[PDB]
Every structure is written in structure tokens, then in C-alpha cells.
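Asker: Heads up: the protein sequence lines correspond to chains B and A, in order. Its first residue numbered 32, the first sequence is counted upward by one per residue in PDB author numbering. Its first residue numbered 32, the second sequence is counted upward by one per residue in PDB author numbering. Heads up, the beta-carbon is just placed ideally off N, CA and C, and yes, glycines get one too. Pasting a structure below so you can have a look.
Protein chains: 2
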Amino acid sequence: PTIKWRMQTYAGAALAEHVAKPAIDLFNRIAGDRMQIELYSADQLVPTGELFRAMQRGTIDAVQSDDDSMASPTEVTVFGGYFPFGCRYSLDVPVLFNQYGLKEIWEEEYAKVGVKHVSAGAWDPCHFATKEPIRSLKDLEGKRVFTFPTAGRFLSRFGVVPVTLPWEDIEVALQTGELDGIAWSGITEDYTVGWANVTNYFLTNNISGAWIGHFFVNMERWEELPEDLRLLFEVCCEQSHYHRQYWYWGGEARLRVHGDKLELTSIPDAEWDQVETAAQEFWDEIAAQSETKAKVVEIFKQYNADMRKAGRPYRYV
Amino acid sequence: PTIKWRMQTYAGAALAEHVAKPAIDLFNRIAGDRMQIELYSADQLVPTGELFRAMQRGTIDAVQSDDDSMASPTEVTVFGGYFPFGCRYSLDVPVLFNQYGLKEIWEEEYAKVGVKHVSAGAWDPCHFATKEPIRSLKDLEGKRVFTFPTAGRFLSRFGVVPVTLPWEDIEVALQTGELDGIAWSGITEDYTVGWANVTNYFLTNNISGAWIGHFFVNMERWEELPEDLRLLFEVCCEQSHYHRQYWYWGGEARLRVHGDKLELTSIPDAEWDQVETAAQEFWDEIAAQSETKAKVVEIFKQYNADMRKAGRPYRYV
Ligand SMILES: [Cl-]
Ligand SMILES: [Cl-]
Ligand SMILES: [Cl-]
Ligand SMILES: [Cl-]
Numbered sequence: 032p033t034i035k036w037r038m039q040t041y042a043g044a045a046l047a048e049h050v051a052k053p054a055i056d057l058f059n060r061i062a063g064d065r066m067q068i069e070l071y072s073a074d075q076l077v078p079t080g081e082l083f084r085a086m087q088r089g090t091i092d093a094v095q096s097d098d099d100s101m102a103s104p105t106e107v108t109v110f111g112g113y114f115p116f117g118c119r120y121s122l123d124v125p126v127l128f129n130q131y132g133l134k135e136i137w138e139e140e141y142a143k144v145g146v147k148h149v150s151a152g153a154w155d156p157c158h159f160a161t162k163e164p165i166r167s168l169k170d171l172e173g174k175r176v177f178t179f180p181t182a183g184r185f186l187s188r189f190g191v192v193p194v195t196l197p198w199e200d201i202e203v204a205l206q207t208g209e210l211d212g213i214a215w216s217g218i219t220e221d222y223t224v225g226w227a228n229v230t231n232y233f234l235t236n237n238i239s240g241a242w243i244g245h246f247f248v249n250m251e252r253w254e255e256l257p258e259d260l261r262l263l264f265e266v267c268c269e270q271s272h273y274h275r276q277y278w279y280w281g282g283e284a285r286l287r288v289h290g291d292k293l294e295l296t297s298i299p300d301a302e303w304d305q306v307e308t309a310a311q312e313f314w315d316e317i318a319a320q321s322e323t324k325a326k327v328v329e330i331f332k333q334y335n336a337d338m339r340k341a342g343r344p345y346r347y348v
Numbered sequence: 032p033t034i035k036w037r038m039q040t041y042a043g044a045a046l047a048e049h050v051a052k053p054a055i056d057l058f059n060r061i062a063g064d065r066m067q068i069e070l071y072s073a074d075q076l077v078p079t080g081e082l083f084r085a086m087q088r089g090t091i092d093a094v095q096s097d098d099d100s101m102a103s104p105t106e107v108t109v110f111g112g113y114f115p116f117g118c119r120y121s122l123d124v125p126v127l128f129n130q131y132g133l134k135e136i137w138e139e140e141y142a143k144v145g146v147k148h149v150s151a152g153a154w155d156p157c158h159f160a161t162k163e164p165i166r167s168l169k170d171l172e173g174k175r176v177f178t179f180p181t182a183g184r185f186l187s188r189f190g191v192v193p194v195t196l197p198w199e200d201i202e203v204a205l206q207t208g209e210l211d212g213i214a215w216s217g218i219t220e221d222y223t224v225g226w227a228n229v230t231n232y233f234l235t236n237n238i239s240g241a242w243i244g245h246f247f248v249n250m251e252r253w254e255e256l257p258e259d260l261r262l263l264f265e266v267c268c269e270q271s272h273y274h275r276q277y278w279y280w281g282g283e284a285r286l287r288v289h290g291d292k293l294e295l296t297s298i299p300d301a302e303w304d305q306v307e308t309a310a311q312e313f314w315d316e317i318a319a320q321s322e323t324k325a326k327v328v329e330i331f332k333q334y335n336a337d338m339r340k341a342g343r344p345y346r347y348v
């Protein structure tokens, strides 16, 4: 009766407005006095590095986040966030989860550690936005960029310096100067949250077509929920995912074409091919670490092979 | 329950299981004794020819359908269903509606005739599935196929003969030869509903990347709803749309590569480019017909032009 939840999202305040608040506001309107979810933004109740354990322990009831930034202690953590070159398209994320087995794997992994994986979804592609233009691979060398831990470990091979700072602190460090840029998002977020005002260039070669994140709930709180509220929560979370699917699909194209705050640059395809090749090596290193990681890597490899065989509009030649 | 709705969908029973039933079942579980929606499938309560009017006058409370097969008395009827070459990608539909102004046009057009447009969504691409192989444009000539009214008028220019029959009758009509084929769906539906069992070939060149359909409600029933149920319905409808986004994204690729009931054929691009060029002339014929059709055609043109400008993963050279 009149359940009180607190949810903390990975998103900063200006971003939470678009990626979590609408669905939480809708849930609250529908649920009324039965249940209310208070939404907190990046690092607000607890820092990122404490977020997973805060939810596990029950201090925070729910989380919207990728696995990677919060360093969940699971075998699938390295696949959340921006797994290099994993998904070309945002719709690949719900398909992988619902049709190629990733939902059952995430559920088992998180249940082991006292957490309910409610649902996964796609967000945006991962692009470099920077103060200085990137026109070759060597231009990546030395760059301090805000990114995710696993994508950052991959990017380090090209001389990139992956920096993690709290999200709310980024804008200024771009304006100057502990950061040279960002590899945390695509162009829709860049314009929306103000990062485009303090960077100058946008590299069109992404290192992922779609971020993977999720809604999680403390398992005890999850099993306490009445059926009707559990279903309501699940449906509002899917609505949140659906909204992001079209928000990003529309935003990336429109802002690339009509945005005047970032100048587009590109690295030639022949040159960028080295990055893609390196990512396959990186996948193999991950697969070697455990049987679960090997299983997931094989699913990504198989899926991408099947896209090539399916052809248009999944893949073109 | 206190509020009782009947919804009729365009989809036959075996199709409704996938494109409407899940979300309506969820709605009913969450709403309980407050409101229930009974879902009826193709032509059950009234024939397709009477569907719009039955909703307008309140015989039926709600409809899931495209504009075109229903022949709604609006200026946007010809854009529903399969508007030839309008949308390369399913996510183009919610983007056009939420970000390029189609939602407001549809709301207005339908309000004039006493119907609430709740939400638009994408379904599947439009492909030929036939008893005999199509490997050239000439192979289309004289083919009697089940399609949508507007797409059929377009295809008529290539000698296709559009035939209209009730959905539940299509399977037997294919078995007996009353139909040479279908151009009503993609491969996911073909396999799911049994049509693949009574046809032999699937043509890879589509004439639309995404069917446009909607949920509609009789305006009086809509205004009678308490706000919380209005919201619950809208959210469950968006969940229905989300489900279709990933159901078709996954199904089209998987069945093309792994299905065994239909043999793939292709028309060479140079040949098929004739069909794409013809479609642009078709759009111009539609624009000639009213100010609102001209407005909508221009939106489709601008959207597709900006897709080309944006580049990957929207368009590939
Ligand atoms: Cl949201
Ligand atoms: Cl999921
Ligand atoms: Cl559904
Ligand atoms: Cl809409």
C-alpha cells in the first residue's frame, strides 16, 4: 500500500528530462496513491561507483543505467554501454535480448547478485565530439575523452586517454580543459545537454551504433510489488525504450544535416578499417576470459554475420 | 468492468495474436474491473468496408488499422498502409509523426470526422510472395495479388492486378489459385500466419520499408475516459508499437536467412530503379489532389532527401 521508490539514473539532469523522466512521470500519474517513484539524476543520491551496491543493499530501489559505468560485478558487464562495433542499429538491442537469448543471460547474472533485470534498451551511437578536428587515427593519440570503461580500454590502444568524471562536471572541462572531448554519446545528446556549445568537431565514424542500458530493481523490492504495479512498471519502461528509439533515430540525422554547432569530419573507410579489425581482436580477448563472455561474444558474431547474409536494409554493398 | 470497449483490428486472428493481443491483454490485466477491451479480428463485428463508420457512430469503440484499407474519409488515407517507397526504415514512422508534423495532421483530419487518432506505428515491409518466381518486371504482369488500395493502384502500372478479399480467406485463395500471390506483408507475417505454406517464392525488392497503421477511438468514448485510463491506453498502445518494431526487425532478417518455406528471388537493381522512379511520379499525382496531400508529399520528399544528406546508417553510397 502506497509504495515509495527512489530511482537513480546514470543520466545527468538535462538528459534525464528526455530518457527517463517522461516514463516515470507517466507511471506516477497512472499509479497515483498506490505507488510513487522519485527520480534522481547522475550521482545525486550516491556516486556512480557506489550505485550498484546501493541498489543491491536496498538504499536505492531502482536504477536506470548501463552495466559498464557502474561496474556491476557480473560476467556481462563488459557488454553494456558501448561494446565496440557490437550493434550497427538501435533495434539490434531489443532483438538480441528478446530473440537471441541475451535477456535470459542478463536475468540469471543479475539474480545471482540480488537484482532484477527488468528490461534492456538502446540509446545512441558513440561518436567523438572534440575541440580539435579528427581527420586521421593519429589525431586520436593523446586525447583525454569522457567515455565508458570498456570502450575506453579498447580506445586506449589508439593512444586515447579515457577519463571518467561525473557527468555534471563535463561541460566546463570541455570549455576548459581537463578534457579534450567526449566519446560518451551521439549528436542528439551533444546538442540537447549543451556539449555542442563547448566542442567544435564531430567525427562521423562511430565505435558503436547503439548504447546498451537497462532498468534494474532491487530483487526484494521487485518481489514485493503487486502484480498490477509490476506490469505497469514494465510497460512504462518499454515506453521509455520506445521513445528513445525514435528520439535518437530522428535526432542523429536531423542534427547532422541541420546543426550549425559542430563541423562534421570523417576518417577514410580504409583507415578506419584498422579500428574495426582491432575491435574483433578485443572481442576475442573478452571471450577468452570466461565461458559466459565467450557465449555472448559468439552471439554478437553470429548476429552480425546473419545481418550480412540478410542484406538490405540491415547491410549494403 | 465499469467501462466496456470492443476493438476490431485489421489483422486476421493468427496475426492479431502478435500485433494487438499482447498489449490489449496487458491493458486488461492492469486495468482490471475498471475497464476491459475485447479484441475482435479481421471482419468479425463488421466487414472492412464498414469499419470506419462503425467506429464513427459508436458501434465499435476502437480500431487498429491503416487508413487505406479502411477507406477513411480523410485527406491522408492514401499515405496509410504502403505508401510506395515512403519509408526505408520502420523507425521513420514514429519520427515522421512525432518530429515532422504528421501527428498533428492526422489528429486534425480524424477529429473532423469524430475519431480520435491515438498513435501511429510501423509494421513490416511490403514484399511479393507468390506461387511462381518473380525475377523480372515482366514477371509481375497479370499477377493477381492481394495488396492495399493505394499500393495496388501504383502496382497496376506494372500490370499487377490488385484483388481484394477478406484476410481469413487468403490462405485458401492461394491454395486454389484464386490468387497468384500476396503483396500485403513481409516474411515474418508470411511464416507466422501460414501463408508461407501455400506460396513458394519471396521477392527481395520491397515497395515500402514500413507499413503505417494506427490505433483509433470513437471521439465520444475517448472524452468519456478518466485521465488515468486514457494514459494507460496510450502507453499500452506505444508498447504494442515497440513490440512490432523489434518483432519485425528480428523476424525479417532471421527468416530470410534461415527460413525454408519460401525461396528468395531478386530483380536486378537497374531494373527495379524503374519502379522507384515511377513511385515519385505517383507521389506527384497524389500531391495534385489537395493541399493536404501536397503538404504531406513534400514532408516525405524532404525527409528522404535529408536521409541521403545524413548518410550512415540511414543511407549508404
Ligand atoms: Cl522516458
Ligand atoms: Cl530485455
Ligand atoms: Cl501488441
Ligand atoms: Cl503518433
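With distances taken from each beta carbon to the nearest heavy atom of ligand 2, which residues come in below 5 angstroms, in chain order?
Answerer: Cβ atoms closer than 5 angstroms to ligand 2 belong to B:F128, B:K134, B:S150, B:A151.
Asker: From which residue to which residue does the alpha helix (DSSP H) around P32 of chain A run?
Answerer: No alpha helix (DSSP H) holds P32 of chain A; DSSP gives it neither H nor E.
Asker: For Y345 of chain A, go through chain B and note every residue whose CB falls closer than 7 angstroms to its CB, in chain order.
Answerer: Here the neighbours are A284.
Asker: Could you tell me whether any Cβ in chain A is nearer than 8 angstroms to the Cβ of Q130 of chain B?
Answerer: Output row for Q130 of chain B: interface = yes.
Asker: Return the chain-ordered ranges of every beta strand (DSSP E) run that is complete within the stretch 204-261 of chain A and spans a minimum of 3 residues.
Answerer: The stretch 204-261 of chain A contains these whole beta strand (DSSP E) runs: 212-216, 232-234, 243-249.
Asker: Between the Cα of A153 of chain B and those of B:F128, B:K174, B:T40, B:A241, spot the shortest distance and give me the residue it belongs to.
Answerer: The shortest Cα separation from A153 of chain B among B:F128, B:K174, B:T40, B:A241 belongs to B:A241.
Asker: For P193 of chain B, write down the residues that DSSP places opposite it in a beta bridge.
Answerer: In DSSP, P193 of chain B forms a bridge with B:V176.
Asker: If we define contact as Cβ-Cβ less than 8 angstroms, is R188 of chain B a contact residue for chain A?
Answerer: Not one chain A Cβ lies under 8 angstroms of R188 of chain B.
Asker: Mark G43 of chain A as exposed unless 16 or more other C-beta atoms lie within 10 angstroms of its C-beta, in which case mark it buried.
Answerer: Counting Cβ neighbours within 10 Å, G43 of chain A comes out buried, since at least 16 surround it.
Asker: Please confirm whether any heavy atom of ligand 3 lies closer than 7 angstroms to the CB of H245 of chain A.
Answerer: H245 of chain A: no, Cβ never under 7 angstroms from ligand 3.
Asker: So, with DSSP's three-state summary, where would you put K147 of chain B?
Answerer: Strand, per DSSP.
Asker: Check the C-beta distance from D155 of chain A over to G244 of chain A and give it rounded, since I have them as a contact under 8 angstroms.
Answerer: Their Cβ separation, rounded to whole angstroms, is 10 angstroms, which puts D155 of chain A and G244 of chain A out of contact at 8 angstroms.
Asker: May I ask you to report which of helix, strand or coil DSSP gives residue 14 of chain A?
Answerer: This structure cannot speak to residue 14 of chain A, because chain A is shown only from 32 to 348.
Asker: Looking at the structure shown, is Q67 of chain A part of a helix, part of a strand, or coil, going by DSSP?
Answerer: Three-state result, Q67 of chain A: strand.
Asker: Could you check what DSSP says for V288 of chain A in three-state terms: helix, strand or coil?
Answerer: Three-state result, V288 of chain A: helix.
Asker: For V94 of chain A, I'd like the list of residues in its chain whose CB is within less than 7 angstroms of its CB, leaving aside the five on either flank, ordered along the chain.
Answerer: Closer than 7 angstroms at Cβ, skipping near neighbours: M38, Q39, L82, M86, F247.
Asker: At least one CB of chain A closer than 8 angstroms to the CB of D259 of chain B: is that the case?
Answerer: So yes, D259 of chain B belongs to the interface.
Asker: In whole angstroms, what is the alpha-carbon distance linking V149 of chain B and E138 of chain B?
Answerer: Approximately 8 angstroms between the Cα atoms of the pair.
Asker: Near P104 of chain B, what residues of its chain come up, given a Cβ to Cβ distance below 8 angstroms and the 5 sequence neighbours on each side ignored?
Answerer: So the list reads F83, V144, once near-sequence residues are dropped.
Asker: Taking buried to mean at least 16 other C-beta atoms within 10 Å of its own C-beta, is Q333 of chain B buried or exposed?
Answerer: Answer is exposed; the Cβ neighbour count stays below 16.
Asker: Write down every uninterrupted run of the alpha helix (DSSP H) in the stretch 41-100 of chain A whose length is 4 residues or greater and which is fully enclosed by it, in chain order.
Answerer: You should have 44-50, 52-62, 82-88.
Asker: Could you work out which residues of chain B lie near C157 of chain A, taking near to mean beta carbons separated by less than 7 angstroms?
Answerer: Here the premise fails: no neighbours, minimum Cβ distance about 13 angstroms.
Asker: Please return the same chain residues whose Cβ sits closer than 8 angstroms to the Cβ of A102 of chain B, not counting the five positions on each side in sequence.
Answerer: Counting only Cβ-Cβ distances below 8 angstroms, and skipping sequence neighbours, we find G80, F83, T108, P180.
Asker: Determine, using beta carbons only, whether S121 of chain B and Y279 of chain B come nearer to each other than 8 angstroms.
Answerer: Yes, these two residues count as a Cβ contact at 8 angstroms.
Asker: Could you tell me whether the Cβ atoms of residue 16 of chain A and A54 of chain A are closer together than 8 angstroms?
Answerer: Because residue 16 of chain A is not part of the residues shown, which for chain A are 32 to 348, the question remains open.
Asker: Could you name the residues of chain B that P164 of chain A contacts, counting a contact when the two beta carbons are closer than 9 angstroms?
Answerer: The premise fails here: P164 of chain A is roughly 18 angstroms from chain B at the closest Cβ pair, so nothing lies under 9 angstroms.
Asker: Residues of chain B with a CB under 8 angstroms from the CB of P53 of chain A: which are they?
Answerer: By Cβ distance, chain B contributes nothing, its closest Cβ being about 11 angstroms from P53 of chain A, past 8 angstroms.
Asker: Going by C-alpha distance, which of B:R261, B:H289, B:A310 is nearest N237 of chain B?
Answerer: The residue with the shortest Cα to Cα distance from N237 of chain B is B:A310.
Asker: With hydrogens ignored, establish whether the beta-carbon of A44 of chain A is closer than 7 angstroms to any heavy atom of ligand 1.
Answerer: No.
Asker: Looking only at its chain, what residues have a beta carbon closer than 7 angstroms to the beta carbon of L168 of chain A, apart from the 5 residues adjacent to it on each side?
Answerer: Only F189, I298, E302, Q305 meet the Cβ criterion.
Asker: Roughly how many angstroms lie between the CA atoms of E255 of chain B and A325 of chain B, to the nearest whole one?
Answerer: So the alpha carbons of these two residues sit roughly 35 angstroms apart.
Asker: For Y141 of chain B, which residues from the same chain have a beta carbon less than 6 angstroms from its beta carbon, with the 5 sequence-adjacent residues on both sides left out?
Answerer: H148, listed in sequence order.
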